[PDB]
Amino acid sequence: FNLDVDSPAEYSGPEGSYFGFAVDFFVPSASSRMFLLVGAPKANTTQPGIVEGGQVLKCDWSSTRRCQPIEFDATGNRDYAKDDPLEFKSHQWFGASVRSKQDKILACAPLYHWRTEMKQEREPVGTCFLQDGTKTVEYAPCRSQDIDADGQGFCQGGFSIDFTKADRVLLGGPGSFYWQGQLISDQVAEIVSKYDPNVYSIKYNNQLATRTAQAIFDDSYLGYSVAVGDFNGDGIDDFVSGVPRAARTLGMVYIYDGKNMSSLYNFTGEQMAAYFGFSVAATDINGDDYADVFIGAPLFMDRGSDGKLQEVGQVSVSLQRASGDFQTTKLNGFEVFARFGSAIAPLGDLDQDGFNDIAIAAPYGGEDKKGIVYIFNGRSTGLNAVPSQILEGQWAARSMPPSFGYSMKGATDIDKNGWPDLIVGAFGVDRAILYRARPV
Amino acid sequence: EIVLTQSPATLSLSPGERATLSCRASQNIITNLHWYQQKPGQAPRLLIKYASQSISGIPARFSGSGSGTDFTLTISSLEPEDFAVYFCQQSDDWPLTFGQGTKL
Amino acid sequence: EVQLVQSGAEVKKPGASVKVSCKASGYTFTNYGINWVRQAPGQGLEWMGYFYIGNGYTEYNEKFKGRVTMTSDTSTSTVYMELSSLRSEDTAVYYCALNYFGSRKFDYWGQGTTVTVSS
Amino acid sequence: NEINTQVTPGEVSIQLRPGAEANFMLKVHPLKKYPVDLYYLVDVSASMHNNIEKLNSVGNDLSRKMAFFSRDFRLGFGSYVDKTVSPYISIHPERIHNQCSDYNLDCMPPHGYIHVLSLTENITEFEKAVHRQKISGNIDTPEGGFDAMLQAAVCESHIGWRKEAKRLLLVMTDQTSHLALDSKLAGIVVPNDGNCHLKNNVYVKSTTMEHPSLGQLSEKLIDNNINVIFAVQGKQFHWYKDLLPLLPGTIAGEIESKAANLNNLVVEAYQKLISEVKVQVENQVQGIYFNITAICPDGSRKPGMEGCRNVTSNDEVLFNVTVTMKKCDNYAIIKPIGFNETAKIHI
Ligand SMILES: *[C@@H]1O[C@H](CO)[C@@H](O[C@@H]2O[C@H](CO)[C@@H](O[C@@H]3O[C@H](CO[C@H]4O[C@H](CO)[C@@H](O)[C@H](O)[C@@H]4O)[C@@H](O)[C@H](O[C@H]4O[C@H](CO)[C@@H](O)[C@H](O)[C@@H]4O)[C@@H]3O)[C@H](O)[C@H]2NC(C)=O)[C@H](O)[C@H]1NC(C)=O
Ligand SMILES: *[C@@H]1O[C@H](CO)[C@@H](O)[C@H](O)[C@H]1NC(C)=O
Ligand SMILES: *[C@@H]1O[C@H](CO)[C@@H](O)[C@H](O)[C@H]1NC(C)=O
Ligand SMILES: *[C@@H]1O[C@H](CO)[C@@H](O)[C@H](O)[C@H]1NC(C)=O
Ligand SMILES: *[C@@H]1O[C@H](CO)[C@@H](O)[C@H](O)[C@H]1NC(C)=O
């Protein structure tokens, strides 16, 4: 309710570049400036021989706030031999995953292909780039010697990423092992140190990853969405993963241990083909010092008052209890085909009332389907089911929907006044709007 | 009508050597090409199916490769019984067509 | 295996017809089709037509169209080809080729029959 | 009505002050011997080749059976694999040719959706369309089924559907289908708009727009009066069997092991289609609630969208419709699922 609408910060990008497909905050350690990070995964870079490689920009917080692209990489396709490229970087969607912790900007290219070491192929294996201050390394754990749809060849890792508080990073690759999907977690000290730029498949010591399963688990897309939060009291961020096509396309959401990647808890959708696992979040919405699971299912159809199935969307809100069981209530969308629950954005304590908040967007809602964001406040019992404020995107469509709220990011205050702020990416019109919370 | 042009028309070699027989296409047949052997006085005998698969019962000096338009047939050691007229056969669309043959 | 056995050799004045046989045998699984191919003396193989055994469906060549007809006998598994309006340039040796469905390569051929034309 | 031969009445005008309930009954009288447009939409994968073999028996065995139930019978044909971008298909060139040469079958490039044969009463054109047809494939197991089902639905002057006909859409596959948000693995993030995009009988938004949702699909199957039958061969019959409550008006039939019951599958599903009469209301006016009650000819009183089974012709299924009003501030259309005629209710 306390967000400013009459003057937000409109940021713009290159045309047709998908400026705003991913947003995050960059607040460095000892710089005392604050930046918005934005991925434009279809933006033409100056890399040689590479068309629409994709780039992650850094938008300043100023009056004359311009956005400058970060040079994570400036090289072309490396070669395996003479006139035989090792890798393929055009249209690789670098900037579909933008994620930042305090010096470190991890940005990932899911659609990256490479010619493998044993034969000639083009396998969408994915890479990631980790900029820890002035040193940029390359992180590609799916790019390994297991090379097929059978192995990690179609891994497409970096599809979803997140930072553990204990300096690990969680990689979600949804195509590994005949699209069983895979989580990969590894320390940031292992990534920066063990990086030879002339070695193509790097072995990591402290890497935690899931393994092969049976064939009944094929096509489940594990790692389509990731989250972190503690779920067995060991102080370490346990790994949450949305698995949208598991259990015969009902959808599941897995929770793994953060210390040795063992299965803690599971979730399961109730309607087939509703994408239970498209978005997962974890914040303490009631203040019980236990992180709460927030599972979006944008393609959920509920019975209307007439009996018609209206595709409104749904968010599974589960409150963590100390015994181990959770308390799951369900929050439904408003307009049909608007895809409620595509983005679950933890806001932190937006109103400074003692309970954390969440923005949930419907990127095809409102007048002319521009996109709405719904602001839900916390209470001591859990979540308040009625929203507090709607956020209507004011940008008309040009050639695709404006997709306002397809990516959002909160829980960081830029003004240093005490109330966290929310950036909303609206990549159909290549925008990324920033909202500033007001004092109450 | 997919015209299959095959070169050379005749190909005079020695016993024990290696022979290569090209075969072009009018358009893309994506490994839809088959290879036949016809001795004089006999029916044609299929050697390679789908441009690289070996018919069982045939000695494995006959190995083909190629795709799209330009395909080949390679004999490792040109045995004295291998001297015949060799044909391509498009199986991509109707009419089924042949190449004109290559004597050996 | 599958043995295709044809009819005997023929000779027929121009402007006539000829009916050749091709009795499929061995392993018949009803998803096959019998083709016919023409080998003029000193020229390449020439596609004439197709007859699928399940339907009786035919597929012909447009150079031969209106002159070629393929019928069959179900119980004896003998498929027939009838060229009509014969010319002196139709003198050749005729083979009968057996497919299976979807793979239009000539797995089996059988012997030939020799058609002579003029006078 | 005076126009519709099946649903009576066709136009009723109801004036309401709020806090008052109006009430009318609408009779649905099925015809005997409809004209039938049956369009096949076949999965072109390499596993489906015994099934395309058994499409030869459509012009002989099926069309003889359907003369005893229909007055016309026109056949169409279509073909789908999947969207032709990575990671769905292989974008490496000689991996395609190895993959074609493995199957000892004639193969062609994979494709989103190619419309082959329009609806016609020549069964010799259906036999041309089957023997011309080749094999394709993707790399992952699900297929672009629902994406091709919407293109076979909304494209009316291209498929060549008739208004005055019972429109059947036999979907024929053995795997499942991708959903609307599987497309994000290909960077396909613009949603499926739901318009016809056949340029030259090839769907030319198959690499740009995404798969439809089940709500996007079902609203186009019902607006276009198209009845969907799923003919699923393997163990994934149970997948499509469990989506039938989400897709109203769809029948699912299991192809047996040797595909010996393909002609029985169309006969038995067309029997179940005219036997079931259910309704739904499109309400686009505000402050108006509809309450429809189904009276079966058995006498069993069911809800309106549940409908009545075992309906034959010379039966008049009654739908006792009750409409109320809540506040003041256009028309609504109450139509049976699978019929060409509707009922227009003005307010
Ligand atoms: C949350 O939901 C997930 C999703 O289903 C559950 O995960 C599955 O759990 C089962 C067991 O509960 C797992 O099955 C086990 O696999 C083990 C190893 O896999 C073998 O097979 C693969 C491929 O075939 C090989 O590559 C591999 O090397 C192994 O050979 C087996 O060892 C297990 O067999 C033994 O299990 C128990 C042991 O107690 C015995 O009772 C059995 O008789 C047998 O000896 C078993 O087959 C399955 O792999 C998991 N799936 C995934 C995707 O991880 C979680 O269990 C669930 N968690 C909670 C808390 O509910
Ligand atoms: C990038 O450049 C290529 C070729 O110049 C062009 O096709 C493409 O549209 C460009 N993309 C953007 C986002 O401008
Ligand atoms: C992982 O840690 C838990 C901690 O309780 C332990 O129970 C489990 O056995 C461990 N698994 C492995 C594979 O070490
Ligand atoms: C509906 O179909 C019947 C016969 O199938 C036909 O007589 C009638 O005219 C059709 N009505 C419309 C509106 O198409
Ligand atoms: C139709 O509904 C009204 C109101 O409930 C009821 O009184 C009437 O009997 C119903 N008609 C039939 C035939 O049941």
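Every number in this text was worked out from the coordinates using simple rules, so none of it is lab data. Please note: Cβ atoms are built from the backbone with ideal geometry, for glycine as well, and neighbour counts cover all protein chains shown.
Most simply put, the range D:19-151 has about 30% antiparallel DSSP beta bridges, counting only bridges with both residues inside it.
Computed per residue of chain D from DSSP H runs no shorter than four, each worth -39500 (n - 2.57), the mean residue ellipticity at 222 nm is -5500 deg cm²/dmol. If you model chain A as an ellipsoid using its alpha carbon gyration tensor, with each semi-axis the square root of five times an eigenvalue, the axes come out at 32, 26, 22 Å, biggest first. Note on the range D:34-275: Rg/Rh from C-alpha atoms, Kirkwood Rh, equals 0.94. Coupling constants for the range A:151-158 follow from the phi torsions by the Karplus curve (6.51 cos²θ - 1.76 cosθ + 1.60, θ = phi - 60°), and in residue order they are x, 8, x, 9, 4, 6, x, x Hz; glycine and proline get x. Here's how it looks for C:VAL11: its modeled amide H is under 5 Å from those of C:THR116, which are all 5 or more places away or on a different chain. For the residues of A:305-314, the average number of beta carbons from a partner chain within 10 Å of their own beta carbon is 5.
Start at zero, step by 10 Å, and the Cα-Cα distances of the protein assembly as shown spread as 2, 10, 17, 19, 17, 15, 11, 6, 2, 1, 0, 0 percent across the bins. Seen from B:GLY16, the other residues with C-beta closer than 13 Å to its C-beta sum to a net charge of -2, counting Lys and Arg as +1 and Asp and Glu as -1.
Among the trypsin sites (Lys or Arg not before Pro) in the range D:164-242, those placed in a DSSP loop whose Cβ has at most 15 other Cβ atoms within 10 Å are D:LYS199, D:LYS235.
With an a/c value of 1.5 or above and a/b not larger than b/c for the gyration tensor axes a ≥ b ≥ c computed over the alpha-carbon atoms, the range A:362-440 is described as oblate.
Computing FRET efficiency as 1/(1 + (r/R0)^6) for B:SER63 and A:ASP79, where r is the C-beta to C-beta distance and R0 is 30 Å, gives about 0.50.
Taking each DSSP H run with n ≥ 4 as -39500 (n - 2.57) and averaging over every residue of chain A yields -500 deg cm²/dmol at 222 nm.
Computed from the Cα positions only, the extents of chain C along the three principal axes stand at 42, 27, 26 Å, in decreasing order.
Across all Cα pairs in the range B:6-98, the calculated P(r) in 5 Å bins from zero up to the longest distance comes to 3, 14, 26, 26, 19, 9, 3, 0 percent per bin. Among A:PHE355, A:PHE300, A:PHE159, which one shows the biggest mean-square fluctuation in a GNM of chain A, springs joining Cα atoms closer than 10 Å? Its mean-square fluctuation being the largest, the pick is A:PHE355.
Each label was represented as a point 7 Å from its Cα along the Cα-to-Cβ direction; for C:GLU82 and B:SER22 these points are 4.7 nm apart.
Name the residue farthest towards the positive end of the dipole of the range A:288-440 from the options A:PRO387, A:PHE355, A:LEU299, assuming +1 on Cβ of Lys and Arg, -1 on Cβ of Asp and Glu, about the Cα centre. Final value for the positive-end residue is A:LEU299. Among A:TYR364, A:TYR139, A:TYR195, the residue with the largest mean-square fluctuation in a Gaussian network model of chain A, with springs joining Cα atoms closer than 10 Å, is A:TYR195. In loop segments of the range C:1-90 as defined by DSSP, the chymotrypsin sites (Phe, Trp or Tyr not before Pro) with at most 13 further C-beta atoms inside 10 Å of their C-beta are C:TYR27, C:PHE29. Give the separation of the Cα centroids, the range A:84-106 to the range C:9-27, in Å. About 70 Å separates the Cα centre of the range A:84-106 from the one of the range C:9-27. Distance between the pseudo-spin-label points of C:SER17 and D:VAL267 (7 Å out from Cα toward the beta carbon): 3.6 nm. A simple spin-label model places the labels of D:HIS158 and A:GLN214 4.3 nm from each other, with each point 7 Å out along Cα-to-Cβ.
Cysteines in the protein assembly as shown that lack a partner Cβ within the 4.7 Å cut-off: D:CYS328. Between D:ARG132 and C:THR74, what FRET efficiency comes out of the Förster formula 1/(1 + (r/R0)^6) with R0 = 25 Å and r the beta carbon distance, rounded to 0.05? Here the calculated transfer efficiency is 0.50. Each residue of the range A:316-322 was assigned a 3J(HN,Hα) from its phi angle through the Karplus expression (A = 6.51, B = -1.76, C = 1.60, θ = phi - 60°), giving 7, 10, 10, 9, 7, 10, 6 Hz with x at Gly and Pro. Taking GluC sites (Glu not before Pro) in DSSP loop states with no more than 15 other Cβ atoms inside 10 Å as exposed sites, chain A has its longest site-free stretch at A:271-440. Annotation: extensible slack from C:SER25 through C:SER118 equals 30.1 nm (criterion: 0.36 nm per residue apart, minus Cα-Cα distance). Charged side chains reduced to their Cβ positions (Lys and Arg at +1, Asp and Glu at -1) give chain A a dipole of some 500 debye around its Cα centre.
Sparse packing (at most 13 other Cβ atoms within 10 Å of the Cβ) combined with a DSSP loop state is found for the following trypsin sites (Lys or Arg not before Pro) in the range C:12-91: C:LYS63, C:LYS65, C:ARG87.
Each of D:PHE68, D:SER86, D:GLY145 was scored by the projection of its Cα onto the charge dipole of the range D:34-275, and the greatest displacement toward the positive side belongs to D:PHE68; charges sit on the C-beta of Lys, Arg, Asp and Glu. Distance from the Cα centroid of the range C:45-71 to that of the range D:45-111 is 23 Å (rounded to whole angstrom). What whole-number distance in Å separates the alpha-carbon centres of the range A:42-61 and the range D:128-203? So the two Cα centres are separated by 35 Å. In terms of its C-alpha gyration tensor, the range A:144-281 comes out oblate, because a/c is 1.5 or above while a/b does not outweigh b/c. Considering the zone a paramagnetic label at B:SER76 would reach in this model (a point 7 Å from Cα along the Cα-to-Cβ line), which residues of the range B:3-30 have amide N under 14 Å from it? Answer for the range B:3-30: B:16-19. Database remark: amide H of C:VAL18 closer than 5 angstrom to the amide H of C:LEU83 (H placed geometrically; neighbours at sequence offset of 5 or more, or on other chains; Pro and chain starts carry no H).
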